[PDB]
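Q: first piece of the complex, coordinates kept as in the full assembly:
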Amino acid sequence: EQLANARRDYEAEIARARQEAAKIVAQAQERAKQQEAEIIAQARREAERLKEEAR
């Protein structure tokens, strides 16, 4: 019982740590994509502003 309990606790903590790490990884990747899209969108607006100023 003690060995099984120790093994179960070790497995549960690792699985919880792995799940949290994956969840953070997915959130960071999605957040990075969102920031890149906004930066990319801002670049297009800057180009349009530059083109209008040139005219």
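A: In hand now; what should we look at? Numbers count the residues shown, from 1 in each chain, chains lettered A, B, ... in the order given.
Q: which stretch of helix or strand covers residue A:46?
A: helix A:2-54 (DSSP states H and E).
Q: how far does that helix sit from the chain's center?
A: 0 Å (C-alpha atoms, centre = their mean, to the nearest Å).
Q: so what does that helix touch, helix or strand wise?
A: For helix A:2-54, not one helix or strand is in contact under the criterion 3 or more C-beta pairs under 8 Å, 6 or more residues apart in numbering; DSSP states H and E. Bear in mind the C-beta positions are built from the backbone N, C-alpha and C, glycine included.
Q: which ones are touching the residue nearest the centre of chain A?
A: Centroid check for chain A by C-alpha atoms, centre = their mean gives residue A:28 as the closest residue, at 1.3 Å. Under the criterion of C-beta atoms under 8 Å, 6 or more residues apart in numbering, residue A:28 has no neighbours.
Q: let's bring in chain B now:
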Amino acid sequence: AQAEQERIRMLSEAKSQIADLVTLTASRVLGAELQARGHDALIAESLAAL
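A: Putting chain B together with the chains above:
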């Protein structure tokens, strides 16, 4: 800032174009005015020191 620098350069380039156009117009007009004015005394200017 890049847009602002572009406007400054664009105005500067426009300034250079205007200066070149004015120079060409002055040259064309200067030729007309000089021909009607005559150039009899130009020789005298060639011996102020030589």
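Q: so, what packs on helix A:2-54 revisited with chain B in the model?
A: helix B:2-37 (3 or more C-beta pairs under 8 Å, 6 or more residues apart in numbering or on different chains; DSSP states H and E).
Q: just the angle between the helix holding residue A:46 and helix B:2-37, please?
A: 20 degrees (axes from the mean of the first three to the mean of the last three C-alpha atoms, to 10 degrees).
Q: just the closest residue of chain B to chain A, please.
A: Closest approach between chain B and chain A, counting by C-beta to the nearest C-beta: residue B:3, at 4.6 Å.
Q: can you pull the contacts of that residue?
A: Residues near residue B:3 by C-beta atoms under 8 Å, 6 or more residues apart in numbering or on different chains: A:46, A:49-50, A:53.
Q: tally up the residues packed near residue A:50, please.
A: Here the number of neighbours of residue A:50 (other C-beta atoms under 10 Å in any protein chain shown) works out to 15.
Q: appreciated, that's everything.
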